[PDB]
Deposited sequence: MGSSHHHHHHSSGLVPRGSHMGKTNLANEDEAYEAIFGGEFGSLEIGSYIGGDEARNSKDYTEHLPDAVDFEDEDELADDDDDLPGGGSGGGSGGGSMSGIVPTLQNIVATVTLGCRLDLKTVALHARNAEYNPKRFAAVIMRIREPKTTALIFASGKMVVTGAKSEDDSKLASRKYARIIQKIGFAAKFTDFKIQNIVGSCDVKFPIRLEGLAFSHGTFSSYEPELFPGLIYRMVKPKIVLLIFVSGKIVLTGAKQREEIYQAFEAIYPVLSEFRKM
């Protein structure tokens, strides 16, 4: 039985899929702009904090596509109060037990929970992730909660790579049987579960690779360097 209106289930759903927080995009929809009755209500003089500038006190190469980070604000939050006091906040308690808040620089989304736990996504660098998180913590402080920027941690780094050559997925799936899963009628990519580093690679026919599960960017580079000779061996000539 699934109920993402429950705080714990909503938090765990972010990191609990088959690919974990790779699929965080499923939970940051907030309100549907095209749906007229779906808009988050705000107080008449609610401030838009999306331009927040203040910070709470503290060859082939893969590219970083996304960084997911966690922050402990250290205080309980009334999510309905946060939503009403911030025009850049979206809150649908019946669908997901978090306030969805967005800022423009670095362009990110925060998932803010009643316990004061926060998840920040959308950043392309560790410094941007930390900068955005410190801004969300400041916004919560400005609304009036005794929030603190603590326990910043990168939970996931998504990498993407294009090897610029097609891949023989049948032979790669057969040859690396124990570490691969390939069901092309169910999902187009070959799922490669690397042991060391512990990284999931999504290998597509086009030579486009997606790497997920890293908590350090060095793991993305290591996984790509490890898989590159395998991809070259299975190049479709």
query	finding
Deposited-sequence ranges lacking C-alpha coordinates, in sequence order	1 to 22, 81 to 99
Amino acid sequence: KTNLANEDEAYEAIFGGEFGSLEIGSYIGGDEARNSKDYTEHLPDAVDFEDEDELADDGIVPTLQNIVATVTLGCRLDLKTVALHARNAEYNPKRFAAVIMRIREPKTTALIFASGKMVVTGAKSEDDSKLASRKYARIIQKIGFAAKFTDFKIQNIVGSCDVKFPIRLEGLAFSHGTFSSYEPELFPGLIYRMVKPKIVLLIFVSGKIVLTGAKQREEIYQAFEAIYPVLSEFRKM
From here on, numbers count along this sequence of modelled residues.
| item | value |
| --- | --- |
| Segment of higher mean CA temperature factor, 132 to 140 or 145 to 153 | 145 to 153 |
| Residue stretch of maximal mean CA temperature factor, 102 to 110 vs 159 to 167 | 159 to 167 |
| Candidate residues 190, 200, 67, 47, the one whose C-alpha B factor the record puts highest | 47 |
| Residue 11 - Cα temperature factor, lowest/middle/highest third of chain | lowest |
| Entry-reported Cα temperature factor of residue 123, expressed as the chain third it lands in | middle |
| For residue 4, the third of its chain into which the C-alpha B factor falls | lowest |
| Chain-wide C-alpha B factor ranking for residue 87, given as lowest, middle or highest third | middle |
| CA B-factor ranking of residue 75, expressed as a third of its chain | highest |
